[PDB]
Amino acid sequence: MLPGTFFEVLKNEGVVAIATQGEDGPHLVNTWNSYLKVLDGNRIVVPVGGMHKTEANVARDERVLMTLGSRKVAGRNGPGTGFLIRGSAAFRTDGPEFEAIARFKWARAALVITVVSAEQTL
Ligand SMILES: Cc1cc2nc3c(=O)[nH]c(=O)nc-3n(C[C@H](O)[C@H](O)[C@H](O)COP(=O)(O)O)c2cc1C
């Protein structure tokens, strides 16, 4: 479950990060809201085109942390706010995830995240 404020930050431009737990250390990678997609049941998706260690890390462990933010709403670090979130990841080359990310031309997979809980931080 997520606050309305989460969605409103996704609606805007910002950077996001995804800490993919695997085994040989979690890999806190980056992405842009302009590349992400939200689904119902608060499921979110990231287009994986070159998140390699993250591919191995999801394949070993579903555990992921996700930091999102925007440059259009003021937080603590400069005029940019965001949240720390947790969920289970799953790579898919199928579903409304892969369809709604198909709009890109460099996606190798839809890194689907089944978010569970958020807290506002930055
Ligand atoms: C700001 C930023 C956004 C990025 N966005 C994406 C993205 O949405 N999808 C992607 O596959 N690669 C993206 N990358 C490139 C790499 O995937 C990213 O650097 C990642 O850490 C590499 O992780 P890996 O060791 O698992 O390959 C992005 C890199 C940066 C710095």
# chains A, B, ... in the order shown; residues from 1 in each chain; ligands from 1
>>> residues_near_ligand(ligand="ligand 1", cutoff="9 Å", atoms="only C-alpha atoms and all ligand atoms", output="NGL selection string")
:A and (15-18 or 20 or 27-36 or 46-57 or 106-109)
>>> residues_around(residues="residue 95 of chain A", least_positions_apart="6", cutoff="12 Å", atoms="only C-alpha atoms", output="PyMOL selection string")
chain A and resi 39+45+101-102+109-112
>>> closest_residue(among="A:64, A:38, A:44, A:12", to="residue 25 of chain A", atoms="only C-alpha atoms")
A:64
>>> select_by_dssp(residues="chain A", states="helix (DSSP H, G or I)", output="PDB file with N, CA and C atoms, in the first residue's frame")
ATOM      1  N   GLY A   4      -1.080   8.630  -1.520  1.00  0.00           N
ATOM      2  CA  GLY A   4      -1.389   9.312  -2.780  1.00  0.00           C
ATOM      3  C   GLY A   4      -0.159  10.089  -3.268  1.00  0.00           C
ATOM      4  N   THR A   5       0.560  10.709  -2.330  1.00  0.00           N
ATOM      5  CA  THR A   5       1.787  11.452  -2.549  1.00  0.00           C
ATOM      6  C   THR A   5       2.811  10.624  -3.346  1.00  0.00           C
ATOM      7  N   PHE A   6       2.938   9.309  -3.099  1.00  0.00           N
ATOM      8  CA  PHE A   6       3.799   8.437  -3.910  1.00  0.00           C
ATOM      9  C   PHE A   6       3.485   8.611  -5.398  1.00  0.00           C
ATOM     10  N   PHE A   7       2.227   8.372  -5.777  1.00  0.00           N
ATOM     11  CA  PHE A   7       1.743   8.485  -7.145  1.00  0.00           C
ATOM     12  C   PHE A   7       2.055   9.873  -7.693  1.00  0.00           C
ATOM     13  N   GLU A   8       1.743  10.930  -6.940  1.00  0.00           N
ATOM     14  CA  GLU A   8       2.011  12.296  -7.386  1.00  0.00           C
ATOM     15  C   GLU A   8       3.501  12.541  -7.672  1.00  0.00           C
ATOM     16  N   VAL A   9       4.417  11.946  -6.904  1.00  0.00           N
ATOM     17  CA  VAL A   9       5.845  12.041  -7.190  1.00  0.00           C
ATOM     18  C   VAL A   9       6.171  11.249  -8.469  1.00  0.00           C
ATOM     19  N   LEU A  10       5.641  10.028  -8.657  1.00  0.00           N
ATOM     20  CA  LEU A  10       5.807   9.280  -9.918  1.00  0.00           C
ATOM     21  C   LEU A  10       5.308  10.065 -11.132  1.00  0.00           C
ATOM     22  N   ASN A  33      11.663   8.376 -13.538  1.00  0.00           N
ATOM     23  CA  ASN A  33      10.203   8.190 -13.521  1.00  0.00           C
ATOM     24  C   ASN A  33       9.640   8.126 -14.944  1.00  0.00           C
ATOM     25  N   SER A  34      10.275   8.834 -15.888  1.00  0.00           N
ATOM     26  CA  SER A  34       9.937   8.856 -17.309  1.00  0.00           C
ATOM     27  C   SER A  34      10.025   7.476 -17.985  1.00  0.00           C
ATOM     28  N   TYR A  35      10.558   6.458 -17.309  1.00  0.00           N
ATOM     29  CA  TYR A  35      10.785   5.127 -17.848  1.00  0.00           C
ATOM     30  C   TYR A  35       9.960   4.110 -17.054  1.00  0.00           C
ATOM     31  N   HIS A  52      22.256  -6.004 -15.312  1.00  0.00           N
ATOM     32  CA  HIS A  52      22.863  -7.331 -15.346  1.00  0.00           C
ATOM     33  C   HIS A  52      23.029  -7.971 -13.959  1.00  0.00           C
ATOM     34  N   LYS A  53      23.861  -7.403 -13.072  1.00  0.00           N
ATOM     35  CA  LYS A  53      23.976  -7.872 -11.688  1.00  0.00           C
ATOM     36  C   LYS A  53      22.590  -7.947 -11.070  1.00  0.00           C
ATOM     37  N   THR A  54      21.736  -6.966 -11.333  1.00  0.00           N
ATOM     38  CA  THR A  54      20.356  -6.979 -10.889  1.00  0.00           C
ATOM     39  C   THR A  54      19.579  -8.167 -11.480  1.00  0.00           C
ATOM     40  N   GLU A  55      19.777  -8.562 -12.739  1.00  0.00           N
ATOM     41  CA  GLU A  55      19.155  -9.761 -13.301  1.00  0.00           C
ATOM     42  C   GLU A  55      19.554 -10.999 -12.498  1.00  0.00           C
ATOM     43  N   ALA A  56      20.855 -11.192 -12.251  1.00  0.00           N
ATOM     44  CA  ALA A  56      21.324 -12.291 -11.407  1.00  0.00           C
ATOM     45  C   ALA A  56      20.774 -12.178  -9.977  1.00  0.00           C
ATOM     46  N   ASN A  57      20.710 -10.957  -9.447  1.00  0.00           N
ATOM     47  CA  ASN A  57      20.286 -10.730  -8.079  1.00  0.00           C
ATOM     48  C   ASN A  57      18.810 -11.060  -7.918  1.00  0.00           C
ATOM     49  N   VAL A  58      17.932 -10.687  -8.858  1.00  0.00           N
ATOM     50  CA  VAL A  58      16.521 -11.073  -8.827  1.00  0.00           C
ATOM     51  C   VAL A  58      16.417 -12.590  -8.988  1.00  0.00           C
ATOM     52  N   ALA A  59      17.118 -13.159  -9.979  1.00  0.00           N
ATOM     53  CA  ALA A  59      17.127 -14.600 -10.190  1.00  0.00           C
ATOM     54  C   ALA A  59      17.534 -15.381  -8.931  1.00  0.00           C
ATOM     55  N   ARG A  60      18.377 -14.820  -8.053  1.00  0.00           N
ATOM     56  CA  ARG A  60      18.715 -15.456  -6.777  1.00  0.00           C
ATOM     57  C   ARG A  60      17.728 -15.117  -5.659  1.00  0.00           C
ATOM     58  N   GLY A  95       3.020  -9.995 -19.989  1.00  0.00           N
ATOM     59  CA  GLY A  95       2.004  -9.284 -19.226  1.00  0.00           C
ATOM     60  C   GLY A  95       1.858  -7.801 -19.542  1.00  0.00           C
ATOM     61  N   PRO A  96       0.900  -7.131 -18.866  1.00  0.00           N
ATOM     62  CA  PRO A  96       0.677  -5.693 -18.979  1.00  0.00           C
ATOM     63  C   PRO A  96       1.909  -4.894 -18.551  1.00  0.00           C
ATOM     64  N   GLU A  97       2.826  -5.518 -17.811  1.00  0.00           N
ATOM     65  CA  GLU A  97       4.099  -4.947 -17.449  1.00  0.00           C
ATOM     66  C   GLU A  97       4.915  -4.775 -18.736  1.00  0.00           C
ATOM     67  N   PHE A  98       5.236  -5.903 -19.377  1.00  0.00           N
ATOM     68  CA  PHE A  98       6.023  -5.939 -20.595  1.00  0.00           C
ATOM     69  C   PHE A  98       5.334  -5.180 -21.733  1.00  0.00           C
ATOM     70  N   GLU A  99       4.000  -5.149 -21.769  1.00  0.00           N
ATOM     71  CA  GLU A  99       3.241  -4.419 -22.779  1.00  0.00           C
ATOM     72  C   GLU A  99       3.441  -2.920 -22.557  1.00  0.00           C
ATOM     73  N   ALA A 100       3.057  -2.398 -21.387  1.00  0.00           N
ATOM     74  CA  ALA A 100       3.192  -0.978 -21.106  1.00  0.00           C
ATOM     75  C   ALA A 100       4.648  -0.484 -21.131  1.00  0.00           C
ATOM     76  N   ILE A 101       5.659  -1.359 -21.006  1.00  0.00           N
ATOM     77  CA  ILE A 101       7.069  -0.957 -21.176  1.00  0.00           C
ATOM     78  C   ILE A 101       7.528  -1.168 -22.632  1.00  0.00           C
ATOM     79  N   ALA A 102       6.831  -1.975 -23.444  1.00  0.00           N
ATOM     80  CA  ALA A 102       7.112  -2.215 -24.868  1.00  0.00           C
ATOM     81  C   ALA A 102       7.322  -0.914 -25.653  1.00  0.00           C
TER      82      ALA A 102
END
>>> closest_residue(among="A:24, A:94, A:13, A:40", to="residue 1 of chain A", atoms="only C-alpha atoms")
A:40
>>> atom_distance(atom1="atom CA of residue 86 of chain A", atom2="atom CA of residue 104 of chain A")
25.4 Å
>>> select_by_dssp(residues="segment 53-115 of chain A", states="strand (DSSP E or B)", output="list in words")
residues 63, 64, 65, 66, 67, 68, 69, 70, 81, 82, 83, 84, 85, 86, 87, 88, 89, 90, 91, 92, 109, 110, 111, 112, 113, 114 and 115 of chain A
>>> write_last_selection(atoms="C-alpha atoms", output="short mmCIF file (atom, residue, chain, number, x, y, z; two decimals), in the first residue's frame")
data_model
loop_
_atom_site.label_atom_id
_atom_site.label_comp_id
_atom_site.auth_asym_id
_atom_site.auth_seq_id
_atom_site.Cartn_x
_atom_site.Cartn_y
_atom_site.Cartn_z
CA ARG A 63 14.11 -9.00 -2.17
CA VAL A 64 14.22 -5.38 -3.36
CA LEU A 65 14.24 -1.90 -1.83
CA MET A 66 13.24 1.03 -4.08
CA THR A 67 13.94 4.73 -3.49
CA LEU A 68 11.82 7.11 -5.65
CA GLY A 69 11.79 10.90 -5.86
CA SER A 70 11.22 14.02 -7.98
CA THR A 81 11.66 14.84 -2.20
CA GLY A 82 11.05 11.07 -2.28
CA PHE A 83 10.46 7.86 -0.31
CA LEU A 84 12.16 4.57 0.66
CA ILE A 85 9.98 1.57 -0.32
CA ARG A 86 10.29 -2.29 -0.11
CA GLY A 87 8.81 -5.08 -2.28
CA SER A 88 9.42 -8.39 -4.10
CA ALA A 89 10.85 -8.15 -7.68
CA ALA A 90 10.21 -10.48 -10.65
CA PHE A 91 11.60 -10.21 -14.22
CA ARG A 92 8.86 -10.69 -16.89
CA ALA A 109 12.69 -7.36 -19.49
CA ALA A 110 10.04 -5.76 -17.28
CA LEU A 111 11.52 -5.82 -13.75
CA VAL A 112 8.15 -5.98 -12.00
CA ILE A 113 8.18 -4.90 -8.33
CA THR A 114 5.33 -5.96 -6.04
CA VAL A 115 5.70 -3.11 -3.53
#
>>> decode(residues="segment 54-81 of chain A", atoms="N, CA, C and O atoms", output="compact mmCIF listing (two decimals), in the first residue's frame")
# COMPACT_ATOMS: atom_id res chain seq x y z
N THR A 54 21.74 -6.97 -11.33
CA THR A 54 20.36 -6.98 -10.89
C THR A 54 19.58 -8.17 -11.48
O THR A 54 18.81 -8.77 -10.74
N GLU A 55 19.78 -8.56 -12.74
CA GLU A 55 19.15 -9.76 -13.30
C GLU A 55 19.55 -11.00 -12.50
O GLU A 55 18.68 -11.74 -12.05
N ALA A 56 20.85 -11.19 -12.25
CA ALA A 56 21.32 -12.29 -11.41
C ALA A 56 20.77 -12.18 -9.98
O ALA A 56 20.45 -13.18 -9.33
N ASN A 57 20.71 -10.96 -9.45
CA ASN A 57 20.29 -10.73 -8.08
C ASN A 57 18.81 -11.06 -7.92
O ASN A 57 18.52 -11.81 -7.00
N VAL A 58 17.93 -10.69 -8.86
CA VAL A 58 16.52 -11.07 -8.83
C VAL A 58 16.42 -12.59 -8.99
O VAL A 58 15.64 -13.23 -8.29
N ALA A 59 17.12 -13.16 -9.98
CA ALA A 59 17.13 -14.60 -10.19
C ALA A 59 17.53 -15.38 -8.93
O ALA A 59 17.09 -16.52 -8.78
N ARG A 60 18.38 -14.82 -8.05
CA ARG A 60 18.71 -15.46 -6.78
C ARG A 60 17.73 -15.12 -5.66
O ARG A 60 17.34 -16.03 -4.93
N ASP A 61 17.35 -13.85 -5.49
CA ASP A 61 16.48 -13.39 -4.40
C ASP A 61 15.50 -12.32 -4.90
O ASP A 61 15.88 -11.37 -5.58
N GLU A 62 14.22 -12.45 -4.56
CA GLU A 62 13.17 -11.49 -4.93
C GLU A 62 13.27 -10.17 -4.16
O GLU A 62 12.66 -9.18 -4.56
N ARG A 63 14.03 -10.14 -3.07
CA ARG A 63 14.11 -9.00 -2.17
C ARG A 63 14.59 -7.72 -2.83
O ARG A 63 15.77 -7.63 -3.20
N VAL A 64 13.76 -6.67 -2.87
CA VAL A 64 14.22 -5.38 -3.36
C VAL A 64 13.69 -4.22 -2.52
O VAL A 64 12.60 -4.23 -1.95
N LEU A 65 14.52 -3.19 -2.43
CA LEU A 65 14.24 -1.90 -1.83
C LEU A 65 14.21 -0.95 -3.01
O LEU A 65 14.92 -1.16 -4.00
N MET A 66 13.42 0.11 -2.96
CA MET A 66 13.24 1.03 -4.08
C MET A 66 13.20 2.42 -3.47
O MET A 66 12.42 2.64 -2.55
N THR A 67 14.03 3.35 -3.94
CA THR A 67 13.94 4.73 -3.49
C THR A 67 13.37 5.48 -4.69
O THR A 67 13.95 5.35 -5.76
N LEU A 68 12.31 6.26 -4.56
CA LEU A 68 11.82 7.11 -5.65
C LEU A 68 11.92 8.56 -5.23
O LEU A 68 12.01 8.83 -4.03
N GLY A 69 11.82 9.49 -6.17
CA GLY A 69 11.79 10.90 -5.86
C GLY A 69 11.41 11.73 -7.08
O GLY A 69 11.08 11.19 -8.14
N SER A 70 11.44 13.05 -6.92
CA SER A 70 11.22 14.02 -7.98
C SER A 70 12.07 15.25 -7.70
O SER A 70 12.51 15.48 -6.57
N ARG A 71 12.28 16.06 -8.74
CA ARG A 71 12.95 17.36 -8.69
C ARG A 71 11.91 18.48 -8.64
O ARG A 71 12.28 19.65 -8.66
N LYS A 72 10.61 18.17 -8.81
CA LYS A 72 9.54 19.16 -8.81
C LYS A 72 8.92 19.41 -7.44
O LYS A 72 8.13 20.34 -7.33
N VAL A 73 9.24 18.64 -6.39
CA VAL A 73 8.66 18.85 -5.07
C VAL A 73 9.83 18.86 -4.09
O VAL A 73 10.72 18.02 -4.21
N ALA A 74 9.85 19.83 -3.18
CA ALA A 74 10.94 20.07 -2.26
C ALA A 74 10.90 19.10 -1.08
O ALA A 74 9.84 18.90 -0.49
N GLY A 75 12.04 18.48 -0.78
CA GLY A 75 12.25 17.62 0.37
C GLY A 75 13.36 18.19 1.24
O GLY A 75 13.45 19.39 1.46
N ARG A 76 14.19 17.29 1.76
CA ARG A 76 15.33 17.57 2.62
C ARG A 76 16.52 17.90 1.73
O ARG A 76 17.11 18.97 1.87
N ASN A 77 16.93 16.98 0.84
CA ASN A 77 18.07 17.26 -0.03
C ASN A 77 17.60 18.14 -1.18
O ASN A 77 17.09 17.66 -2.19
N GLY A 78 17.91 19.44 -1.10
CA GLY A 78 17.53 20.40 -2.12
C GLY A 78 16.02 20.38 -2.42
O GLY A 78 15.23 19.82 -1.66
N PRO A 79 15.59 21.05 -3.50
CA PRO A 79 14.20 20.99 -3.94
C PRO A 79 13.93 19.64 -4.64
O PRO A 79 13.65 19.58 -5.83
N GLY A 80 14.03 18.55 -3.88
CA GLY A 80 13.76 17.21 -4.36
C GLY A 80 13.35 16.33 -3.19
O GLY A 80 14.11 16.23 -2.23
N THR A 81 12.15 15.74 -3.24
CA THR A 81 11.66 14.84 -2.20
C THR A 81 11.42 13.45 -2.79
O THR A 81 11.42 13.27 -4.01
